[PDB]
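Participant: The structure's right below; bear with me while I get my questions together.
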Amino acid sequence: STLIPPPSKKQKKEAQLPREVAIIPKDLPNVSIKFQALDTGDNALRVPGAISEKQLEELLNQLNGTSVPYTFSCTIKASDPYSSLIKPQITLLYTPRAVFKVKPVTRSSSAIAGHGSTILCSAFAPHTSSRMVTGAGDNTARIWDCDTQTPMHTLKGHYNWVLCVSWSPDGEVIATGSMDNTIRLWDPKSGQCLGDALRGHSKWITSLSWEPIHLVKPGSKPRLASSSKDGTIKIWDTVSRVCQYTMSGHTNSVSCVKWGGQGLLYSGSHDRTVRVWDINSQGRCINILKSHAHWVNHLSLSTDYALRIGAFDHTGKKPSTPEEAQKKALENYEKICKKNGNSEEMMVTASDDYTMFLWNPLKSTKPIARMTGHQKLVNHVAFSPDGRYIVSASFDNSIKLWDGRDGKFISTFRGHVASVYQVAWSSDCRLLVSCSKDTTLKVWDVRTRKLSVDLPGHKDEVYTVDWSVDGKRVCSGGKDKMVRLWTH
Amino acid sequence: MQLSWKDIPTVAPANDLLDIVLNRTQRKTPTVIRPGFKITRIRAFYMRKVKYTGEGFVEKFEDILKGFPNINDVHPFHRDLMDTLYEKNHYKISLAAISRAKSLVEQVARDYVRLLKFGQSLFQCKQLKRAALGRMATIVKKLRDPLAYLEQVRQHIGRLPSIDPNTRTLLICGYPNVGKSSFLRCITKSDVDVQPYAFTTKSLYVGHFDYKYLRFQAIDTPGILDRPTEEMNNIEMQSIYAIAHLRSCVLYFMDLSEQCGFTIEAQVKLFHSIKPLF
Amino acid sequence: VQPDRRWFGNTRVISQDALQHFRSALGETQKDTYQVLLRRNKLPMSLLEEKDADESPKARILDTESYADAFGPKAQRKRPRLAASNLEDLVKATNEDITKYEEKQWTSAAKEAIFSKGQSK
Amino acid sequence: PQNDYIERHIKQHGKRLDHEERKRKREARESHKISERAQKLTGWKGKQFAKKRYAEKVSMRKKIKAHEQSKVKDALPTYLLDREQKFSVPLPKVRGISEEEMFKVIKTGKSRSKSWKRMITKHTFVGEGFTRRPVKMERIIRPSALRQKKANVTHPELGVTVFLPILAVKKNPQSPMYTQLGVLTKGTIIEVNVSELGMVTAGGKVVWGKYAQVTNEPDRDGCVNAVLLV
RNA sequence: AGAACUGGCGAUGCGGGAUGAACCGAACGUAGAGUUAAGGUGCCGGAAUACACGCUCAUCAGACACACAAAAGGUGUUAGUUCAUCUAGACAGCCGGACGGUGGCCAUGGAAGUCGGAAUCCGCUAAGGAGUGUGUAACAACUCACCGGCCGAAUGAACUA
RNA sequence: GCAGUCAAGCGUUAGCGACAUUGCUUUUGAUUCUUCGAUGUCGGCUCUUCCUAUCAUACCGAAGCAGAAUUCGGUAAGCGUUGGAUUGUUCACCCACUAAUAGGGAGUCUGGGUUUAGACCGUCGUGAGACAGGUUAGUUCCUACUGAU
Ligand SMILES: [Mg+2]
């Protein structure tokens, strides 16, 4: 056990001597200050003293007649995010705080002796985090009651590995793509395959993309899009299980596909090509992007997170009728999508060649920015739920953060010692949890880009992790054949 | 150099080259050593053999590197032609890999020579020499694919045309099967196939003819199809690059007849869109 | 060698918290000529090193296309990749490349043997 | 110059009359020539010919087996697929290197009668703290050429070898005075900077150093090989 | 490396082993007769260029302290084991069929089977490969995988000495 | 080499193991400016003799060999394989010309040096004394061949 060099006699003498105090009640300095919304709104000039931050925050409330708390920052070289006011004209800025705060996950929990196989995938349910499902090498998928940390009915029916599993955004039907050729449907309480499995696929399923609720009309169930090594994406009707059309534009395996809020299915493929297929176009490609040196390994969008919740916000209150649920999904999608006034769902594509590309599929095919600061392939790239921050995981043992819109580099984490696998985003964007080839789980504080806490315990090869929608609990899984839960 | 670098020594594949080097080392060096010989003499013999093998490998690699046309900065037209023909990036990467292998061989030979001068028993020196040879073979072993690709491109590069764009030239271009190949054959004392299909002269054949007591060279190319500047083949890319880089006007041909069954509107639109080349 | 709870046992484990302090010290450490080192501490410099020097070297193009497919009888490169999207920009690129190229555009007694240094082992 | 036209010329003159017949006759005679050479190609050549023939036969057998099998007819995440992959020491009772010429004697002085000098002819690692003393004190001499700092390390897991700096030597059997001397002496257990692998023990305390045993003989080889004791 | 144990030289003549201080035999006085161990019986070299069953072509075979470059390889030879073909015509030799959807699907100026690649179907039979090769811009042109017309009695494949 | 992988065959018949095979094995012809304690007498002149694992000449052969010219497998020792250069060691590198200026053993006039000459500088020791270096001084017809009576 290495020891940090102990403080010398000089350090002891310095520590023994008292120093300044933080009461700061007297002689508050006054300097001119300006207010300007972080995104677009430029403005409320004042020259106040070194007053408490709460007073400054409440000052802007009456200006806009909102009563809502707003996150505050200034000088956006300085990069400054009484203590802040004593550093020196400071140009202050504001943005919504999203008062709902997800408490940091620090405490571990006992393991569950469920399916005896390496874990492959896992995802939290949108309606409530109390239920969770994990995929593993075993052909059978199992749901878990997070409250009691116990398994649920076993999804018997598959004869090969369940590559991908995830709840539908409405939570009505779970999809569990099988390795061999098929995807099966399981409602939360069926305990058995719901009808005949979706078959007729030449190769294994790579990823699944549910139809967003905000686009789903009342009554009709959401469509289920699938991707596979065959290089084609089939659109499946959850009710009739029939395929309306299949697109084979991709000449190689489709790495992943995301059902955008505008009805466009942004997908990447091993052919180093990105094709924006759209359901509304009767299964036709509207535009094609080709800028990656290597193939595309992952895809993500700013509004993708809002799709997976299916109007089930952090409160977890289930809607009454499909129409009001769709309306609440649409309003939330507009809120997240219309961050910069207009609805613009930014897209980012992960390139294995130590590079990532920022894309705006709704506009010209010229890339917005070429995010390129990694040393190894970026395994996973995901937009922040807020949308202003972008993070990526790579095999180079580091996690890099980038600006959501301008592409400017922000910071890089180096806590992980081995290859970093997929990561998860907190419901409030305040904390990011990442898992790596190393047998450790870590969470990073976005507020200052510092290591918050370490969560070891897994035997080895923690392949994937997810964050609950409400943020109460965080699940994990790895090759140890043991599911472990984490909570504040 | 320029103008038909065919003089490259057409290196044999990796296995053949390694076998040749080993045979040369065995033949050009003494073989019969005995334990009773003085340790100094045995060590000197082993060091001499190792140094000879290393020097042979280094000389081979250096000759291979030098013989190549030095694509970098050679010429924009020649650079683009080579990039189209052999995918410049791959060729540069293969040459860099060869240079790295040569450097590794040099380092291994130096390290083994430094270590070899301390072994006491004859068996120790023999084992050190065997390890050095195995290291050299392993370094050479991974070079099979780049060496084969370089041999293929050399077989193709040697027969490539040789013309200087800076000189006075006039070229012939147009739609394929317009009779352009026949026009090239007739205008200059050159032999080219005149078969009636749209890819008769796949390669950029060079023709030479004299007028006004001055030599005037010419080139050939099948031309360009619709080709909206997104989907172009290597042959058509070579023609586009040649037209862009080359000197004074290239003759644009048009088959105003039933043959070349593209509407004359398409022929007009082709040159209208290619206008920036003018 | 005797079996025991010895080697196959952990002996060099570093502390997780100390890594951040070591990284900060390495980033902030500075020295002058008047300051000299006597004992360089043994620490995992590999983890501390490799700071945010974002350069992202060139892609591994060979992985997408092998040497054999690039050229040869089994060619799989009928069309160039990343070629110019338009003729005008290609013409401009060729023009400026040509201009740059134009911008770039028996022997005396050999060396004396006295220069045997700093050769001469 | 003049690209692949040679094919054109062949097409315009068409496979000279005797060429096809001569080629067929040579191909027919190939088996007889190979059989005759099986008796020719004497010492230093017959061995190579036999090795090549054996390799060709093995390749043919393996290709025939593959064709016959074809004629009949560890789960990983979605992102790792399509990508490249009782405490006794592994080598107990190592060879008993004796106290012998390995301590090579170097004759000192103009008149070689008071050598008193011993030289270690075995690979040794020292590091930064070598600091050669005055020449008069060189009772034991470890040559620089025979000093190695990075030794190959491997484990029966993923078969990945990575060169890592040598940290120290803890226990050399057979008179561990060699341990005090830092000699490799295959069979020794040495510490290696395993920070590259980044394996983490229970409790979140990442490990970056483990003791490994030298597998190969650095005396008879220019490389050092060791296996992690995990 | 080391232990106990047996024999010879040590201290040793004699026949043979070209010769070898460690090999085979062998109980050392002077002579004669006859029989042998070891080596042999073409000459030096005293004894059959004796009988009988087979092998050995060797560019320096073979007669070599038997020790290892020694594992296979030879369309080199002699002899043997197992599995199938069979007069419901044994192997090999001359002649024809080798189809139809089809020019499969995606890659696309050309991949009609033989530059890329997933399975390789069904209809069809004595039999047909979305193809084994030779060669073509594109089929096209020719062969066998497999079958039949003539033959005409044993044949093919893997191993052992 | 280590640790595997496929497994022609042998297996107590669970293990071995021929050939292949993965990780050590600055991807942009960048420059590492690297050349790391050889304790030993050998080194270089001329001429002859022997081998081929042969550089030229000679023989023929396989090549994107169209020629010039070039890459290489094999037969072949018949005849050739030259000249300057360092020393602040020449355990070796440079370039005149040729078609090439091939690699060794069988040691055999000349120069370093292998040894007591005499001395010196520094090392080491209370000193004789000898060196981690080093310089100066040096001395070592018997038989067989070629001609003749
Ligand atoms: Mg034509």
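Each chain of the structure tokens is named A, B, ... in the order shown, its residues numbered from 1; ligands are numbered from 1 in display order.
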Which residues are near ligand 1 in this structure, taking near to mean any atom at most 9 Å from a ligand atom and counting only C-alpha atoms (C1' of nucleotides) and all ligand atoms? Format them as a tab-separated table (two decimals) with N, CA and C atoms, in the first residue's frame.
Facilitator:
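Final output, saved to pocket25.tsv:
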```tsv
chain	number	residue	atom	x	y	z
B	176	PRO	N	-17.64	6.89	-74.74
B	176	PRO	CA	-17.05	5.64	-75.23
B	176	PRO	C	-17.76	5.13	-76.48
B	177	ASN	N	-17.02	4.36	-77.27
B	177	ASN	CA	-17.52	3.76	-78.51
B	177	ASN	C	-17.91	4.81	-79.54
B	178	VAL	N	-17.45	6.06	-79.37
B	178	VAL	CA	-17.69	7.11	-80.35
B	178	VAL	C	-16.75	7.02	-81.54
B	179	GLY	N	-15.85	6.03	-81.55
B	179	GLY	CA	-14.77	6.00	-82.51
B	179	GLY	C	-13.53	6.74	-82.05
B	180	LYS	N	-13.49	7.17	-80.79
B	180	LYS	CA	-12.34	7.90	-80.28
B	180	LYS	C	-11.07	7.05	-80.34
B	181	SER	N	-11.18	5.76	-80.01
B	181	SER	CA	-10.02	4.88	-80.11
B	181	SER	C	-9.53	4.78	-81.55
B	182	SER	N	-10.46	4.67	-82.50
B	182	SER	CA	-10.07	4.64	-83.91
B	182	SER	C	-9.41	5.95	-84.32
B	193	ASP	N	-6.56	-1.24	-79.72
B	193	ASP	CA	-7.73	-2.01	-80.13
B	193	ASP	C	-8.86	-1.07	-80.52
B	194	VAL	N	-9.61	-1.46	-81.56
B	194	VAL	CA	-10.70	-0.65	-82.08
B	194	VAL	C	-12.00	-1.44	-81.97
B	195	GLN	N	-12.08	-2.31	-80.96
B	195	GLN	CA	-13.28	-3.10	-80.77
B	195	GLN	C	-14.45	-2.21	-80.38
B	196	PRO	N	-15.67	-2.55	-80.82
B	196	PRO	CA	-16.83	-1.65	-80.58
B	196	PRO	C	-17.55	-1.91	-79.26
B	197	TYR	N	-16.88	-1.62	-78.15
B	197	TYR	CA	-17.52	-1.63	-76.85
B	197	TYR	C	-17.01	-0.45	-76.03
B	198	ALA	N	-17.80	-0.08	-75.02
B	198	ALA	CA	-17.63	1.19	-74.32
B	198	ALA	C	-16.40	1.23	-73.42
B	199	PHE	N	-15.57	0.19	-73.40
B	199	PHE	CA	-14.34	0.20	-72.60
B	199	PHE	C	-13.19	-0.40	-73.40
B	200	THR	N	-13.07	0.00	-74.66
B	200	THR	CA	-12.02	-0.54	-75.52
B	200	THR	C	-10.64	-0.27	-74.94
B	201	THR	N	-10.29	1.01	-74.79
B	201	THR	CA	-8.98	1.40	-74.25
B	201	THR	C	-9.15	1.72	-72.77
B	222	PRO	N	-11.57	6.31	-71.93
B	222	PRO	CA	-12.93	6.02	-72.39
B	222	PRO	C	-13.91	7.16	-72.22
```
Participant: Please identify the strand (DSSP E or B) residues within segment 1-209 of chain D (assignment by DSSP from backbone atoms) and present them as a PyMOL selection string.
Facilitator: chain D and resi 103-106+117-120+124+140-141+147+150-154+162-171+183+189-193+200+206+209
Participant: Within 7 Å of chain C, which residues of chain B are there when counting only C-alpha atoms? Please give them as a JSON list (two decimals) with C-alpha atoms, in the first residue's frame.
Facilitator:
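The resulting file, part_4.json, is shown below:
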```
[["chain", "number", "residue", "atom", "x", "y", "z"],
["B", 75, "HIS", "CA", 3.63, 15.56, -59.31],
["B", 76, "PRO", "CA", -0.08, 16.35, -58.74],
["B", 84, "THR", "CA", -6.37, 6.01, -58.19],
["B", 86, "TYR", "CA", -3.02, 1.69, -56.11],
["B", 87, "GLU", "CA", -4.97, 3.55, -53.37],
["B", 90, "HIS", "CA", -2.38, 1.72, -48.64],
["B", 145, "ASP", "CA", 0.95, -9.05, -47.55],
["B", 146, "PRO", "CA", 2.55, -5.59, -48.00],
["B", 149, "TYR", "CA", 0.81, -5.86, -52.80],
["B", 152, "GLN", "CA", 1.65, -6.38, -57.79],
["B", 229, "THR", "CA", -19.59, 13.56, -59.33],
["B", 230, "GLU", "CA", -20.55, 11.14, -56.52],
["B", 232, "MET", "CA", -17.32, 7.34, -60.36],
["B", 233, "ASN", "CA", -15.18, 4.34, -61.25],
["B", 234, "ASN", "CA", -11.39, 4.24, -61.08],
["B", 244, "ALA", "CA", -8.07, 18.49, -64.79],
["B", 245, "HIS", "CA", -4.27, 18.44, -64.56],
["B", 276, "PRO", "CA", -15.63, 23.94, -64.95],
["B", 277, "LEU", "CA", -12.82, 21.84, -66.45]]
```
Participant: Once DSSP has gone over the backbone, tell me which residues of segment 55-185 of chain D are in alpha helix (DSSP H), as an MDAnalysis selection string.
Facilitator: chainID D and resid 55:72 177:181
Participant: Find, counting only C-alpha atoms, the residue in C:22, C:106, C:115, C:7 that gets nearest to chain D.
Facilitator: C:7
Participant: Compute the chain F side of the contact with chain C at 12 Å, counting only C-alpha atoms (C1' of nucleotides), and hand it back as JSON, numbers by chain.
Facilitator: {"F": [26, 27, 28, 33, 35, 36, 84, 85, 86, 87, 88, 89, 90, 91, 92, 93, 94, 95, 96]}
